[PDB]
Amino acid sequence: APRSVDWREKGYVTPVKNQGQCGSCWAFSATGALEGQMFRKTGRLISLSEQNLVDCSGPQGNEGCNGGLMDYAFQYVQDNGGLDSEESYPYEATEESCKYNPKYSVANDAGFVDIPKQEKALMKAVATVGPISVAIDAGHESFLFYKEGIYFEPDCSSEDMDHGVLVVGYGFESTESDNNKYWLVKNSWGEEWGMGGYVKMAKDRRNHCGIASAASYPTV
Ligand SMILES: *[C@@H](O)[C@H](Cc1c[nH]c2ccccc12)NC(=O)[C@@H](NS(=O)(=O)c1cccc2ccccc12)[C@@H](C)CC
């Protein structure tokens, strides 16, 4: 595979969003991956509605601000026959009744693909598909305060993931410890967190924080 990938340079990625005080990370991860695959198909990048997913994908297993999964969101888009744009169905950071309107649907999918639980497989997917939805263990103060560099948390779990994010690429940079590889990850905590809303997470370090343990993307 390539040694470095960044889908932002190819037009696949919307600006960083902010989920607010609502456990809807799974919906931001899902819209990020679908934004990328829709752009791959149509050449048009359109921001998609996380609120549509929060309010409407309960029947697929999601629980609004109380948690969810990207695959359940991809299934909703397929079952429902569409997903509204961000502009038409804006984000409110609280669960409400479903207000989906098919007239304003701008995305579709025909299912999804789950990636094997190996960083080598995640790398192949990122290199060939586009941005990939992943789940990570983000439950450490070091993640809240991250500013720059490669994030490595010795107490991170590869089995207890609690936060959905989007891998938009990978790369390397020289470091003190010579652990130089990273996943380029888009978060949904606004642009004031991290590096403009992004984090470089340790790559090829025993599946650090579980980044390869629940990776998937929608089929468009
Ligand atoms: C991210 O904003 C969100 C925060 C959140 C809300 N509730 C919980 C409970 C445990 C951990 C994290 C939580 N995280 C998630 O949605 C996660 N999904 S989950 O599989 O841990 C999950 C937790 C609670 C309820 C439900 C309901 C349906 C499906 C899943 C869950 C992460 C892993 C998303 C990638």
Side-chain angles (χ1 to χ4, degrees), residues 14 16-37 48-80 83 86 91-96 98 109 111-119 121-122 125-126 129 131-146 151 153 155-168 183-194 197-199 201 207-218:
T14 60
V16 169
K17 304 178 184 182
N18 193 331
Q19 71 189 77
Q21 294 309 299
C22 164
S24 54
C25 57
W26 56 270
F28 286 84
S29 179
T31 57
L34 194 47
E35 282 157 5
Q37 293 309 289
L48 302 175
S49 169
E50 294 80 22
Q51 195 67 48
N52 197 159
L53 293 173
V54 166
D55 296 345
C56 307
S57 64
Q60 290 74 28
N62 286 329
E63 299 187 20
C65 294
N66 294 318
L69 285 171
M70 292 81 83
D71 283 356
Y72 292 172
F74 302 146
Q75 190 66 241
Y76 164 81
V77 174
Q78 179 176 29
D79 292 352
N80 184 61
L83 186 68
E86 189 79 86
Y91 186 64
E92 315 287 353
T94 195
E95 181 173 350
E96 280 133 323
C98 183
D109 67 47
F112 55 88
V113 172
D114 287 338
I115 295 155
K117 311 175 145 64
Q118 290 163 324
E119 285 186 279
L122 179 56
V126 175
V129 172
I132 303 299
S133 287
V134 303
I136 57 165
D137 176 11
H140 297 91
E141 167 175 279
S142 46
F143 194 80
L144 289 181
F145 298 168
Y146 171 82
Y151 178 73
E153 169 50 70
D155 296 332
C156 228
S157 161
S158 64
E159 313 310 335
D160 296 317
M161 291 95 78
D162 62 3
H163 184 48
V165 293
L166 185 75
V167 176
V168 305
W183 299 106
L184 186 58
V185 173
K186 185 191 197 199
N187 198 3
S188 50
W189 292 353
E191 70 179 326
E192 304 74 22
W193 180 81
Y198 281 81
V199 55
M201 295 188 73
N207 186 23
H208 185 64
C209 301
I211 194 160
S213 300
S216 70
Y217 58 93

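Numbers here are sequence positions counted from 1. One-based numbering, in listed order, for ligands and for the atoms of each.
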- prompt: Using a threshold of 4.0 angstrom between heavy atoms of the protein and any atom of ligand 1, which residues qualify?
  reply: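 For ligand 1, the residues that come within the 4.0 Å heavy-atom cutoff are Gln19, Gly23, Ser24, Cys25, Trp26, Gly61, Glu63, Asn66, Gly67, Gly68, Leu69, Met70, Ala135, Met161, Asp162, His163, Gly164.
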query: Taking atom types as modelled and ignoring hydrogens, do the side chains of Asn207 and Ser158 form a donor-acceptor contact shorter than 3.5 angstrom?
result: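 The answer is no; no qualifying pair exists.
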message: What I want to check is whether the side chains of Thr31 and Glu50 have a donor and an acceptor closer together than 3.5 Å.
response: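 There is such a pair between these side chains.
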query: With a 6.0 Å cut-off on ring centres, are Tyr146 and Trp189 close enough?
result: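 Aromatic pair excluded; centres sit 6.0 Å or further apart.
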- request: Compute the ring centroids of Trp183 and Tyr151, then answer whether they are less than 6.0 Å apart.
  value: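 Not close enough - the centres of the two rings lie 6.0 Å or further apart.
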message: Parallel, tilted or perpendicular: which one describes the rings of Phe112 and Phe74, with boundaries at 30° and 60°?
response: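 Tilted.
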query: Quick check: does any side chain N or O of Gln37 sit under 3.5 Å from a backbone N or O of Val129, one acting as donor and the other as acceptor?
result: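 Indeed, once roles are kept as given, a pair shorter than 3.5 Å links the two residues.
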